[PDB]
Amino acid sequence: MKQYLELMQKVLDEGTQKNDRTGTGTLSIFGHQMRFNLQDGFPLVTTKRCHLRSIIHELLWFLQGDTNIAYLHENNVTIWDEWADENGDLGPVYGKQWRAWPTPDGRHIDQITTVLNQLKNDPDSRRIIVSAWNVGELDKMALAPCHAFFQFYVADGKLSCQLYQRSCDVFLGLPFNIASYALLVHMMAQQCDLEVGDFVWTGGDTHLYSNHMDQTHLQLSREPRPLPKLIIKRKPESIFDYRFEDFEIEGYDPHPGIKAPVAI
C-alpha cells in the first residue's frame, strides 16, 4: 500500500544502523505516523500476500483473553510458536491485559468491554483507551507488548483508532499489525452501529532487519493493487462472539508472498 511502501523506503533512506536484542541488526527510524481511511478499503498489504487467516485468528484469540497458543495451534496458526513454553503459555500478554488487566485487589479490568461501553454511551470521551502495557506484569510475559496502546475516537458517526506501536518490524510485523487493528475497528464499529473512520498507526522504533533487505528491495519494486473490501457476514451479539467464518476479504489481489525469517 502506498504509505507502507513509503515507510519502507524512508527506513532505507533515513534509517540508522542499529543493533538489536535478537542479534541481527537493523536500519531504524524513530517516530512515524500513517493514516488509513478505512472507507477507502481494508488496509491489507497487496505488494506481498499476507496470511490473513493468521491475522484473523490472532485477533479472535486476543478478544477471548487467551494467552495460551492452543487455540492458534487448533487453527493451524504458528506465528506465536517461538515464544510459547512447553505448555503453550506466553504469560499475560495482550489477551490477558485486554480482557482481564490485573490489579492488587485480586480484581480484573475488561478494557475491551469498557471501551465498548464508552463508544456506546460516551463516544466523545477522550480516554477511550486500551493498554497492554501493564508494567507490573511485563516480566511474566514471554515478550513485551509491541502494539502497546491504542485509543478510539468518534466523529461524524465514524470510529477511528490510533495505535502506538513501540517497536515495528516493518517487513514482517507491520502488515499484520495494520490489518489486525483495521479488523478490530470494523468489528467494534459493527457492535456500536458506527461507520469506520481512520486507523492511525504511530510507530516508535521502526525498523528493517538487515536480513530482510533482499525482500524489501523486491517488495519495493512492486506496484500496489487496489485495496480489498472486508465483508462481515453477520452481526454477532457481541464483540466476543465472532468466528473466523464471519469474515470475508473481497478483491484481495496480492503479489506473491515473500518469505522472511523472524528474528527470535
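For the two forms, the rigid core is made up of the largest set of C-alpha atoms that agree within 1.5 Å on superposition. Residue numbers run from 1 along the displayed sequence.
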| property | result |
| --- | --- |
| Larger mean CA deviation from the shown form in 4 other deposited structures of this protein [core fit; 105 to 113 vs 91 to 99] | 105 to 113 |
| 22 to 30 against 234 to 242 - segment lying farther from this form in 4 other deposited structures of this protein (CA RMS, rigid core fit) | 22 to 30 |
| 106 to 114 versus 158 to 166 - greater average Cα B-factor per the deposited record | 106 to 114 |
| Mean Cα B-factor comparison, 193 to 201 or 66 to 74, giving the higher one as deposited | 66 to 74 |
| Among modelled residues of the same chain, the CA temperature factor third for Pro145 | lowest |
| Ranked against its chain, the third holding the CA B-factor of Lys120 | highest |
| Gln215, C-alpha B-factor rank within chain (lowest, middle or highest third) | middle |
| Lowest, middle or highest third - CA B-factor, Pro256 | middle |
| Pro175 - Cα temperature factor, lowest/middle/highest third of chain | lowest |
